[PDB]
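In: Fold the following, please.
(one chain, ligands or ions: 1)
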Amino acid sequence: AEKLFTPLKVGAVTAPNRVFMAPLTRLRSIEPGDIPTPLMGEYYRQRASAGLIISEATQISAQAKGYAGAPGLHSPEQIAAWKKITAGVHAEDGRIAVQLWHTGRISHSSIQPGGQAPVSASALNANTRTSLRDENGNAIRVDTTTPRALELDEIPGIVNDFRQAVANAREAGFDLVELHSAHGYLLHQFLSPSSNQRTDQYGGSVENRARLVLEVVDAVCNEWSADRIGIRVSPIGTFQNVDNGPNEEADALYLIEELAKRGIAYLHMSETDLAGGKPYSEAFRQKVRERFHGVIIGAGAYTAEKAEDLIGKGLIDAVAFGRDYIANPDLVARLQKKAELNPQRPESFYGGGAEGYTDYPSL
Ligand SMILES: Cc1cc2nc3c(=O)[nH]c(=O)nc-3n(C[C@H](O)[C@H](O)[C@H](O)COP(=O)(O)O)c2cc1C
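Out: Numbers count the residues shown, from 1 in each chain. Take a look:
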């Protein structure tokens, strides 16, 4: 097929194809310590023919943690383990970005430092569930704990934690960093009027709601380089953990314009929740494309045909596939050859071990 398999310059690195591996939480890290494993290194290595791998969401700090089994990038042991994973990808001539998150109110007190309430823009429960582990280490669901609103004087420490995690990612050998500003996590909790009822300079107006994410962007650009920074947004639609308010399109375009001023490597748009949503209109895609001067990655139930169509139209540059990458380590070769895909086994997307993780065969 015609443009999916051609190179693309993505900030400081060049992808040999446009078939990207979306960030995918798999909840297989070691506890205690939230440490990446050899098995996770093998999983990533198997996928290194991707144009770019974007890692599972990774904590910037202990406080960022909201899921048992999700890895961090804040401790020495975590840095050491990730260095190995990046070295494995590089040994197979791949490229890998770390997605960095703070889960905010999508968390539980039992996995917070001190066992205390998690933090958010406002003290409003997400009214959803997260994943913990039981006494045998198996993934279980638990209702989210009501959070504590961050005090104004705590906000600089959040920005610093993102900055430090990006410094640690560089040390760890990642090619790029993806800020997780999507899916109702901390940055999005500030962005959304649904989850942010603050009356300080971090709530109310769109400019106030985007203030935190833009401070984080600035801090990480300064720490490393703008051509090493990507951002994931999900600014249109209703996600499990939050909606985008009553002026979603205008607010999205405001944010995107701001992000472009920073000259960052990429804009990754998660277009719908797993549960579905209204498709992006081509008019809205044009409006995004004229505001952002870097690479645009599209995601959300894409097929190869839709990817080619929108790439051919000059509307996006690359596609991130999530579940097809879970099941097909050599998704690039399969798409290039129009080969059949392995069937997905959703029961093993979260937790467990090798089964449903490293046992999906290549051609
Ligand atoms: C098991 C699983 C875990 C995911 N984990 C994350 C994540 O860590 N970060 C994130 O931004 N999105 C995550 N997503 C969303 C995916 O990155 C992707 O946007 C989504 O699966 C839709 O694309 P698909 O139809 O190609 O699977 C996850 C999706 C699934 C199914």
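
In: Tell me who's in contact with residue 59.
Out: Neighbouring residues of residue 59 by CB atoms under 8 Å, 6 or more residues apart in numbering: 34, 65, 70-74, 100-103, 165. To be clear about C-beta, it is placed using only N, CA and C from the backbone, and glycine gets the same treatment.

In: For it, list each beta-bridge partner.
Out: For residue 59, the beta-bridge partners are residue 72, residue 101 (DSSP bridges).

In: hang on, residue 45 packs against residue 90?
Out: No: distance between residue 45 and residue 90: 9.7 Å, which falls outside the contact criterion (CB atoms under 8 Å).

In: quick one, which of those two is more surrounded?
Out: Higher neighbour count among residue 45 and residue 90: residue 45, with 19 against 15, using other CB atoms under 10 Å.

In: Assign that one to helix, strand or coil.
Out: Classification of residue 45 by DSSP: H, G, I helix; E, B strand; the rest coil places it in helix.

In: Tell me the spacing between the spatially closest residue to it that is not a sequence neighbour and residue 34.
Out: Leaving aside its sequence neighbours, residue 45 sits nearest to residue 88 (CB to CB, 6 or more residues apart in numbering; 4.3 Å). Counting by CB to CB, to the nearest Å, the gap from residue 88 to residue 34 is 19 Å.

In: out of the two, which sits in the busier spot?
Out: With neighbours defined as other CB under 10 Å, residue 88 and residue 34 compare such that residue 34 has more, 25 against 20.

In: Now for the residue nearest to that one when sequence neighbours are not counted, how many residues are close by?
Out: By the measure of CB to CB, 6+ apart, the closest residue to residue 34 outside its immediate chain neighbours is residue 72, 4.2 Å from it. Neighbour count of residue 72, defined by other CB under 10 Å: 25.

In: same question, residue 254
Out: By other CB under 10 Å, 18 other residues sit near residue 254.

In: same check, this time on residue 117
Out: Residue 117 has 16 nearby residues by other CB under 10 Å.

In: who touches stretch 275-284?
Out: Outside stretch 275-284, the residues touching it (CB under 8 Å, 6+ apart) are 236-238, 240, 249, 269, 271-272, 300, 313, 315.

In: Please repeat the previous calculation with a cut-off of 6 Å.
Out: Residues from elsewhere that reach stretch 275-284 (CB atoms under 6 Å, 6 or more residues apart in numbering): 237, 271.

In: Pull up the distance across it, start to finish.
Out: Counting by CA to CA, to the nearest Å, you get 21 Å between the two ends of stretch 275-284.

In: ditto for stretch 25-40
Out: End-to-end distance of stretch 25-40 (CA to CA): 11 Å.

In: Neighbours of the residue of the chain found nearest the ligand, how many?
Out: Residue nearest to the ligand within the chain: residue 322 (2.7 Å; CB to the nearest ligand atom). Neighbour count of residue 322, defined by other CB under 10 Å: 19.

In: my read: it touches residue 23, true?
Out: No: in this structure, residue 322 is not within contact of residue 23 by CB atoms under 6 Å, at 7.9 Å.

In: residues near residue 168, how many?
Out: By other CB under 10 Å, 23 other residues sit near residue 168.

In: Over to residue 153: give its phi and psi.
Out: Residue 153 adopts backbone torsions of phi -70, psi -10, taken as degrees, to the nearest 10.

In: Likewise for the one 4 residues further on?
Out: Backbone torsions of residue 157, given as degrees, to the nearest 10, read phi -60, psi -40.

In: burial measure for it, as a count.
Out: Using other CB under 10 Å, residue 157 is surrounded by 12 other residues.

In: For residue 225, see how far away it is.
Out: 23 Å.

In: which ones are touching the spatially closest residue to residue 322 that is not a sequence neighbour?
Out: Among residues not flanking residue 322 along the chain, residue 22 sits closest, at 3.8 Å (CB to CB, 6+ apart). The neighbourhood of residue 22, defined by CB under 6 Å, 6+ apart, consists of 299, 320, 322.

In: cool, and residue 300?
Out: Residue 300 is in contact with 270-272, counting by CB under 6 Å, 6+ apart.

In: Residue 107 too?
Out: By CB under 6 Å, 6+ apart, the residues touching residue 107 are 66, 118.

In: Flag every residue of this protein that's near the ligand.
Out: Contact residues, the chain versus the ligand (CB under 6 Å from any ligand atom): 22-25, 56-57, 99, 180, 182-183, 232, 270, 299-302, 321-324, 349.
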